[PDB]
Amino acid sequence: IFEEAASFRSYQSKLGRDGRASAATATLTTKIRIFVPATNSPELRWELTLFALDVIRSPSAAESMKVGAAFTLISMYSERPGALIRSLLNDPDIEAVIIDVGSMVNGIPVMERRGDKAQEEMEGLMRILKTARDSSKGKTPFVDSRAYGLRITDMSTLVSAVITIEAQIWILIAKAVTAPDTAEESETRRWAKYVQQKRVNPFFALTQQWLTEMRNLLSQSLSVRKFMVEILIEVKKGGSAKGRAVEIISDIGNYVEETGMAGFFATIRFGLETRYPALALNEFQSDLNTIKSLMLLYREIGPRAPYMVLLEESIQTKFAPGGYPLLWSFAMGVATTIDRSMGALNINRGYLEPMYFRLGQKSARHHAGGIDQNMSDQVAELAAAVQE
Amino acid sequence: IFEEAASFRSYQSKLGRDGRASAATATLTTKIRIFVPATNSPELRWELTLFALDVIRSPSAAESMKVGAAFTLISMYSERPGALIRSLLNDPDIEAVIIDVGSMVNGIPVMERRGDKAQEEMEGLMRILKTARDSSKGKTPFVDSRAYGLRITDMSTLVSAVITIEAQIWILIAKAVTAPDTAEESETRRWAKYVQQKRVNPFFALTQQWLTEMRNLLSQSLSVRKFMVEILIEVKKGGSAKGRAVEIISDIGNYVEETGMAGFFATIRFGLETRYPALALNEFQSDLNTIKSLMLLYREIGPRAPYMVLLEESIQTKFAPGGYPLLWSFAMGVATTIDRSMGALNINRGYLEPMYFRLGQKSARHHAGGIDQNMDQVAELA
Amino acid sequence: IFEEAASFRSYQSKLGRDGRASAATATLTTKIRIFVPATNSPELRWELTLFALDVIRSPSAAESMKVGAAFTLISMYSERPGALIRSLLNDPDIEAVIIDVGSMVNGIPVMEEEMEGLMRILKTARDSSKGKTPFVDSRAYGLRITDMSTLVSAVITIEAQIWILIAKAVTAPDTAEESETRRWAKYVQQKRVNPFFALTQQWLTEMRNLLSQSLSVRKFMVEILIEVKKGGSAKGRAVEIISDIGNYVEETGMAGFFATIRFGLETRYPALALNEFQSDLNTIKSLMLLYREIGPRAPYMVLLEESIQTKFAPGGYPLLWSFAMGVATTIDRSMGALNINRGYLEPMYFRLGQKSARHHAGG
RNA sequence: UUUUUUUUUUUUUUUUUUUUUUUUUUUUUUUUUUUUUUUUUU
């Protein structure tokens, strides 16, 4: 009877989820040039890191070059850098041409030594690098200038530095596509952790100017974020020890999971986990059936789930908290009242209904935390603890 | 006994739904010309986009050409544009001739392969382009005019632009055939989202005037909506990686689903999901049995169901509320009273039964604010 | 119904735990040189200890050498030094090159220009340290020990001085002295440890700092520390001192888990089923079962920098934790001296949890 | 040795009523924003 309705709501939610898309939908691939580490020697590499930092710093280079540069910069992790990028990079939007650098002996950019893309290629590069320097008022990547010039000579220094720069990319992911302004507070909080824990090599601490330029590149490019989230999923999978580089990524992951799905987890933490005596309220009769459908749906979305927002994954929209709005408005009302850390959150969403929120705020709070709906005069004594 | 009646109501509802329609019903075909990207090279692709934007901007081009132009414009997604159209286009009203000229040496219009015989064609195109410019008082497609003028030089610029225009077509679809006036609030709200989220490249922003001209073309052509809904179903299917183009479409999809079937879900959301004490209203019984049969029917109709309105699908009538108006007038009465966002939707139909709707409302008020459906602090909730 | 939600919270937490990592993750491997104990002679063992103490004391010596030194120093336990390191060392970031010469003619920094680089390193080490030698009372630093019994007495004494550090190196790398002395008192009072080999505060601080700042070393240490801890073996003097230190080292840097579990939660004060804590208890349940699933590394998660450690970190059950600290501080005289000035603590719940126990000797 | 009397009788056809008449396009919401380490002793 009633059972059919609930099952039908669930049916709608899962209808047409299935099936495999026709190949005709395959979109025009965008060509990106990625210069990639040609040998496992610090001589070739350190210079290439400097080049890549500067490509991303450049006002003068085209966006197509800049994406490819960012891919160079955040593939320095690998034992075999070019192979790591080419083999894991898996998105239809973008078609890579991979160039293994020829020892990178021509200052900051790299040239085709024998077969020539063009003789002016180096100038397209020289222009890029000059514009980069000039527009940034001389500033090298690191906050203390000696580090910008370093030209490091051994594996030990290399790994110290590379781990440092990589960690500074991965600090960004956490907010680049969830709140790319307001960012500084959080990204500095995460910086402090890695340094205080001695996980990253502090000589290589990177300038706000460089970090903002990279944060913006991440916000505005899908193709980059796709590679990042591909790697972020791959290294999140268990059953491996990690040394310093991959370890910092994995560590950051524990902050990066669920990010930009605030509302979903918020309904779970506040309101739902809370289970006040008022859950069966008429609205809650349906909204609860909604949440059930949502949870089973979330399960079905599967391996991508922890990072849907970073992936721009459309399924994400369905998961968005506006989907159960009566229960959610009550979930903010309870959550704000009960958890001291919450409420600091940005609560301006259209699906908030004041009347339902007020009940959630007061129903819990005037309830002294839902004292009445808890399940030697235990009840009464707990009055002191409420302090209101 | 009583069981037979319930089964019989269901039987009536499903009766003669089955079987396969005779091929003799094959309709008089409309012949339409679709100019389609001949090569994956930016020179041709930019020029062809300008051609197509102008076809849609024109007062002077014929409707048959304009539909074919709109199909050019919203197939710009494809790596092989001709293949994308030919392979997804699947509707027996409209029969395409696909012209895949890549040479684009014909200025504003396409080149004509017949040469001197195409001379009439080329001047028809010229008239179309002139009339487009003149009728629009000089306004190019984009809101900031430098963009409208800008000939593009790379893949990067191309994809930025194409993604941008495509997104601007797909924003329309959700309301073009559900409420083609009153549209602005919703379509701007969706515009704001895609831009704020940095999903599409704002240098390419398309003018209100052009978008209204195209929205109207979409409302008044079935053939265009058929191709759009074909694509909208195809890319809604899961288990595929997407590039930026298909991703924007898919994202829009999540707003486009259920559109123009307001009433069907409203009985589900309000009244039904609510499980109010009055579900046991004696009168109600037969209507509840009705709605149940409808919901299971809806399920059985299957793949087209999320976009039934856009497809003009006949079955839609049945799913129409007003097919169960007693349980419906109560469902509006509950819904509008209990959900703060509802009631702002214009619900004024002749099938509404005031007394029963007020029973729905009173359901709230006489419920002591819905205490009736409590499911000793069941009235402690000012 | 409600049961599904609790199960779902748990599902989210354990989702993506599974699977095996793509080779593409492999980071650029660092070469480290390890001089390693040549054979069963006190001659080699003492000289190598002196070499290693000086490598750590050196102002001029490279990080790559220093780590390798540390690995020599804390492989002294084994019957076959170089084999013990090579066979237990199981970390991808580092590739060890082992030198295991019985020749031992080359004290601390021996040749295989390089030899003069080594000489500069050793000179700079001596000079910068103002001659201050490994052991606290000078004759002990100077004295060659020549036979098995004296050798193992000495080696186990230096090694125990390394292993006293692990207990705080990655959890409180300053303010260390109090703890390391407290552990020293135990081993001496129990007559396990030979005070002739007392090691100088200058050297101990230099080594403590090396442990804090090098991950690769700590990885190997914790690998060994876990391996020997595993059951069904008797230990004689050397391994016994490690095992003894282990009883301070276990659960380290998981204070919040054990503390909120032991104090507050296991105490189960009749305010346990708070209308606000229901989700948190469900949280902690999920946490405990998760902890189980993480398995063998669990007693040393923090020391291993193990990622999931983050999930176990105490901010994960904040309501219960704030309340439980409020109980713990009230009931246990020794607690509360533990620094809980953290941003995630809930004042209101601490005032309540504290009150619930200390209402009137309420507990 | 055995012991009586036995059937049938009524009623019976047909009669009413039986087309239809209402209602049924749509219209609201829908991106993102918080905290995520560490510091007792045995």
# chains A, B, ... in the order shown; residues from 1 in each chain; ligands from 1

$ interface_residues --of "chain D" --to "chain C" --cutoff "9 Å" --atoms "only C-alpha atoms (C1' of nucleotides)" --output "JSON, numbers by chain"
{"D": [35, 36, 37, 38, 39, 40, 41, 42]}

$ write_last_selection --atoms "N, CA, C and O atoms (P, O5', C5', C4', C3', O3' and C1' of nucleotides)" --output "PDB file, in the first residue's frame"
ATOM      1  P     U D  35      37.314  25.139   8.367  1.00  0.00           P
ATOM      2  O5'   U D  35      37.453  24.156   9.622  1.00  0.00           O
ATOM      3  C5'   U D  35      37.558  24.724  10.952  1.00  0.00           C
ATOM      4  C4'   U D  35      37.595  23.633  12.007  1.00  0.00           C
ATOM      5  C3'   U D  35      38.664  22.583  11.801  1.00  0.00           C
ATOM      6  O3'   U D  35      39.950  22.980  12.256  1.00  0.00           O
ATOM      7  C1'   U D  35      36.593  21.513  12.352  1.00  0.00           C
ATOM      8  P     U D  36      41.278  22.769  11.304  1.00  0.00           P
ATOM      9  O5'   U D  36      41.632  21.223  11.494  1.00  0.00           O
ATOM     10  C5'   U D  36      41.132  20.247  10.560  1.00  0.00           C
ATOM     11  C4'   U D  36      40.535  19.082  11.303  1.00  0.00           C
ATOM     12  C3'   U D  36      41.416  17.880  11.470  1.00  0.00           C
ATOM     13  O3'   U D  36      40.974  17.296  12.699  1.00  0.00           O
ATOM     14  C1'   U D  36      39.550  17.290  10.184  1.00  0.00           C
ATOM     15  P     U D  37      41.722  17.667  14.035  1.00  0.00           P
ATOM     16  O5'   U D  37      43.183  17.129  13.707  1.00  0.00           O
ATOM     17  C5'   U D  37      44.302  17.150  14.586  1.00  0.00           C
ATOM     18  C4'   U D  37      45.260  16.055  14.155  1.00  0.00           C
ATOM     19  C3'   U D  37      46.202  15.633  15.271  1.00  0.00           C
ATOM     20  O3'   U D  37      45.601  14.556  16.022  1.00  0.00           O
ATOM     21  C1'   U D  37      47.451  16.002  13.236  1.00  0.00           C
ATOM     22  P     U D  38      45.607  14.579  17.637  1.00  0.00           P
ATOM     23  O5'   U D  38      47.157  14.672  17.976  1.00  0.00           O
ATOM     24  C5'   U D  38      48.084  13.609  17.685  1.00  0.00           C
ATOM     25  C4'   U D  38      49.499  14.064  17.967  1.00  0.00           C
ATOM     26  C3'   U D  38      49.737  14.524  19.394  1.00  0.00           C
ATOM     27  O3'   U D  38      49.882  13.396  20.258  1.00  0.00           O
ATOM     28  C1'   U D  38      50.673  16.103  17.878  1.00  0.00           C
ATOM     29  P     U D  39      48.977  13.338  21.596  1.00  0.00           P
ATOM     30  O5'   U D  39      49.852  14.316  22.532  1.00  0.00           O
ATOM     31  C5'   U D  39      51.268  14.020  22.515  1.00  0.00           C
ATOM     32  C4'   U D  39      52.086  14.822  23.486  1.00  0.00           C
ATOM     33  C3'   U D  39      51.472  14.912  24.884  1.00  0.00           C
ATOM     34  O3'   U D  39      52.015  13.860  25.680  1.00  0.00           O
ATOM     35  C1'   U D  39      52.065  17.079  24.043  1.00  0.00           C
ATOM     36  P     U D  40      51.020  12.846  26.403  1.00  0.00           P
ATOM     37  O5'   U D  40      51.647  12.677  27.871  1.00  0.00           O
ATOM     38  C5'   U D  40      51.827  13.833  28.712  1.00  0.00           C
ATOM     39  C4'   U D  40      51.485  13.503  30.166  1.00  0.00           C
ATOM     40  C3'   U D  40      52.263  12.359  30.781  1.00  0.00           C
ATOM     41  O3'   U D  40      53.562  12.691  31.217  1.00  0.00           O
ATOM     42  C1'   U D  40      49.995  12.065  31.324  1.00  0.00           C
ATOM     43  P     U D  41      54.745  11.606  31.048  1.00  0.00           P
ATOM     44  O5'   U D  41      54.345  10.397  32.064  1.00  0.00           O
ATOM     45  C5'   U D  41      54.392  10.674  33.473  1.00  0.00           C
ATOM     46  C4'   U D  41      53.797   9.559  34.309  1.00  0.00           C
ATOM     47  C3'   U D  41      54.510   8.222  34.272  1.00  0.00           C
ATOM     48  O3'   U D  41      55.572   8.222  35.220  1.00  0.00           O
ATOM     49  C1'   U D  41      52.135   7.917  34.055  1.00  0.00           C
ATOM     50  P     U D  42      56.483   6.895  35.472  1.00  0.00           P
ATOM     51  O5'   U D  42      55.545   5.953  36.368  1.00  0.00           O
ATOM     52  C5'   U D  42      55.664   4.520  36.332  1.00  0.00           C
ATOM     53  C4'   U D  42      54.311   3.830  36.406  1.00  0.00           C
ATOM     54  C3'   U D  42      54.391   2.309  36.366  1.00  0.00           C
ATOM     55  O3'   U D  42      53.467   1.678  37.243  1.00  0.00           O
ATOM     56  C1'   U D  42      53.226   3.118  34.429  1.00  0.00           C
TER      57        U D  42
END

$ select_by_dssp --residues "segment 175-249 of chain B" --states "alpha helix (DSSP H)" --output "MDAnalysis selection string"
chainID B and resid 175:176 184:196 208:220 222:236 244:249

$ interface_residues --of "chain B" --to "chain A" --cutoff "8 Å" --atoms "only C-alpha atoms" --output "ChimeraX atom specification"
/B:40,77-80,83-84,87-88,155-156,159,198-199,234-247,250-251,254,268-269,272-276,292,295-296,299,302-303,338-341,370-371,373-375,378,381-382

$ residues_around --residues "residue 25 of chain B" --least-positions-apart "4" --cutoff "12 Å" --atoms "only C-alpha atoms (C1' of nucleotides)" --output "list in words"
residues 20, 21, 29, 92 and 93 of chain B

$ write_last_selection --atoms "N, CA, C and O atoms" --output "compact mmCIF listing (two decimals), in the first residue's frame"
# COMPACT_ATOMS: atom_id res chain seq x y z
N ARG B 20 1.99 -3.85 -31.30
CA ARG B 20 2.91 -3.06 -32.14
C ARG B 20 2.19 -2.36 -33.31
O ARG B 20 1.44 -3.03 -34.01
N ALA B 21 2.38 -1.04 -33.43
CA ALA B 21 1.63 -0.17 -34.35
C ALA B 21 2.04 -0.40 -35.80
O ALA B 21 3.23 -0.53 -36.09
N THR B 29 7.17 13.01 -44.53
CA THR B 29 8.45 13.42 -43.99
C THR B 29 8.71 14.87 -44.36
O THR B 29 8.38 15.39 -45.45
N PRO B 92 10.86 9.78 -36.79
CA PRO B 92 10.23 9.64 -38.09
C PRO B 92 9.40 10.81 -38.62
O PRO B 92 8.58 10.56 -39.50
N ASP B 93 9.53 12.03 -38.07
CA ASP B 93 8.86 13.20 -38.64
C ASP B 93 9.76 13.91 -39.67
O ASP B 93 9.31 14.41 -40.74

$ closest_residue --among "A:169, A:205, A:310, A:155" --to "chain C" --atoms "only C-alpha atoms"
A:155

$ closest_atom_pairs --of "chain C" --to "chain A" --cutoff "7 Å" --atoms "only C-alpha atoms" --output "CSV"
residue,atom,partner,partner_atom,distance
C:8,CA,A:295,CA,6.9
C:16,CA,A:237,CA,5.9
C:17,CA,A:238,CA,5.3
C:18,CA,A:238,CA,5.5
C:19,CA,A:237,CA,5.4
C:20,CA,A:239,CA,5.8
C:21,CA,A:237,CA,5.9
C:22,CA,A:234,CA,6.9
C:24,CA,A:84,CA,4.8
C:25,CA,A:78,CA,6.5
C:26,CA,A:79,CA,5.9
C:27,CA,A:78,CA,4.9
C:28,CA,A:79,CA,4.2
C:30,CA,A:155,CA,6.2
C:64,CA,A:156,CA,6.8
C:91,CA,A:243,CA,6.7
C:92,CA,A:243,CA,5.8
C:93,CA,A:243,CA,4.6
C:213,CA,A:198,CA,5.7
C:270,CA,A:378,CA,6.8
C:271,CA,A:378,CA,6.8
C:273,CA,A:374,CA,6.4
C:274,CA,A:374,CA,5.3
C:275,CA,A:374,CA,3.8
C:276,CA,A:274,CA,5.8
C:278,CA,A:274,CA,6.0
C:279,CA,A:273,CA,4.0
C:307,CA,A:251,CA,5.0
C:310,CA,A:254,CA,6.5
C:346,CA,A:340,CA,6.6
C:351,CA,A:385,CA,6.9
C:352,CA,A:385,CA,4.3

$ interface_residues --of "chain B" --to "chain D" --cutoff "9 Å" --atoms "only C-alpha atoms (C1' of nucleotides)" --output "PyMOL selection string"
chain B and resi 177-179+182+190+192-194+196-197+254-255+260-262+309+317-318+320-323+341-347+350-351

$ write_last_selection --atoms "C-alpha atoms" --output "PDB file, in the first residue's frame"
ATOM      1  CA  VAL B 177       8.651  23.243 -23.440  1.00  0.00           C
ATOM      2  CA  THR B 178       7.340  23.524 -19.819  1.00  0.00           C
ATOM      3  CA  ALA B 179       6.892  27.337 -19.491  1.00  0.00           C
ATOM      4  CA  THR B 182       8.190  33.281 -17.206  1.00  0.00           C
ATOM      5  CA  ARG B 190      21.128  27.960 -13.883  1.00  0.00           C
ATOM      6  CA  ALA B 192      24.836  31.816 -12.524  1.00  0.00           C
ATOM      7  CA  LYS B 193      25.671  28.262 -11.317  1.00  0.00           C
ATOM      8  CA  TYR B 194      27.730  27.188 -14.377  1.00  0.00           C
ATOM      9  CA  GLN B 196      30.259  30.593 -10.582  1.00  0.00           C
ATOM     10  CA  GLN B 197      31.434  26.971 -10.670  1.00  0.00           C
ATOM     11  CA  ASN B 254      20.006  16.638 -13.319  1.00  0.00           C
ATOM     12  CA  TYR B 255      17.781  19.768 -13.419  1.00  0.00           C
ATOM     13  CA  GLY B 260       6.852  19.369 -16.815  1.00  0.00           C
ATOM     14  CA  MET B 261       5.549  16.403 -14.788  1.00  0.00           C
ATOM     15  CA  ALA B 262       5.177  18.596 -11.638  1.00  0.00           C
ATOM     16  CA  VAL B 309       6.679  16.322 -21.470  1.00  0.00           C
ATOM     17  CA  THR B 317      -1.887  12.699 -20.306  1.00  0.00           C
ATOM     18  CA  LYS B 318      -2.582   9.657 -18.164  1.00  0.00           C
ATOM     19  CA  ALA B 320      -1.526  13.881 -15.598  1.00  0.00           C
ATOM     20  CA  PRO B 321      -2.877  14.710 -12.008  1.00  0.00           C
ATOM     21  CA  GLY B 322      -6.521  15.450 -12.512  1.00  0.00           C
ATOM     22  CA  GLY B 323      -6.555  11.760 -13.461  1.00  0.00           C
ATOM     23  CA  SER B 341       8.975  26.435  -1.008  1.00  0.00           C
ATOM     24  CA  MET B 342       5.691  25.088  -2.424  1.00  0.00           C
ATOM     25  CA  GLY B 343       2.572  27.224  -2.948  1.00  0.00           C
ATOM     26  CA  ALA B 344       4.756  29.798  -4.767  1.00  0.00           C
ATOM     27  CA  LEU B 345       4.218  27.412  -7.722  1.00  0.00           C
ATOM     28  CA  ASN B 346       1.081  28.507  -9.675  1.00  0.00           C
ATOM     29  CA  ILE B 347      -1.320  25.568  -9.060  1.00  0.00           C
ATOM     30  CA  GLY B 350     -10.108  23.933 -12.757  1.00  0.00           C
ATOM     31  CA  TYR B 351      -9.849  20.296 -11.408  1.00  0.00           C
TER      32      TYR B 351
END

$ residues_around --residues "segment 107-123 of chain C" --least-positions-apart "3" --cutoff "6 Å" --atoms "only C-alpha atoms (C1' of nucleotides)" --output "list in words"
residues 47, 51, 60, 61 and 126 of chain C

$ atom_distance --atom1 "atom CA of residue 251 of chain C" --atom2 "atom CA of residue 89 of chain C"
22.3 Å

$ atom_distance --atom1 "atom CA of residue 323 of chain C" --atom2 "atom CA of residue 284 of chain C"
13.5 Å

$ atom_distance --atom1 "atom CA of residue 48 of chain C" --atom2 "atom CA of residue 303 of chain C"
27.1 Å

$ select_by_dssp --residues "segment 79-121 of chain C" --states "strand (DSSP E)" --output "number ranges by chain"
C: 94-99
